[PDB]
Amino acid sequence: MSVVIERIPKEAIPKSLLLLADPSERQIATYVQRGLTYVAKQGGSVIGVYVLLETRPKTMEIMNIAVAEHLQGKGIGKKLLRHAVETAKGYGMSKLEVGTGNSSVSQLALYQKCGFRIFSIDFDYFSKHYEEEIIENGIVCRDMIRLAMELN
């Protein structure tokens, strides 16, 4: 029942779960080396993850956030997100960012419910970063929608 979230070293990342949110192992490598990875545990296993990266001044971005497929829509995304926000304040950041695909409409609702505001679109992001096309609920995942939150 109880989800426990903790830091892990980069040598122990769940590539497995990170690949759910980000199909390329080379992409994942780009930000795990430089960033901070936290995992969610429950039922005797790692079932959630997020990676924070420090980007522009006083800014972190959630580079990857993932929940085990069979456990999605149970409030675990909510929980990881709350934790990312708190971790980011802790580090003295004033801005938290997260990107998601145009097709990721359920994530778009989640992020906004949690305080993120949509501010920008990176066009053709996915076509450019991945050899293979991504389709999600009938919609081509083509562009990265950019969202941000002021922490203070």
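For every residue, the number given is its place in the sequence shown, counted from 1.
Residue 90: CA B factor lies in the highest third for its chain, per the PDB record. For residue 142, the recorded CA B-factor ranks within the lowest third of the chain. Only modelled residues enter the ranking.
Annotation for residue 68: C-alpha temperature factor in the middle third relative to the rest of the modelled chain, per the entry. Placement of the Cα temperature factor of residue 58 within the chain: lowest third of the modelled residues, per the deposited record. In this PDB entry, the Cα temperature factor of residue 26 sits in the top third of its chain's modelled residues, the highest group.
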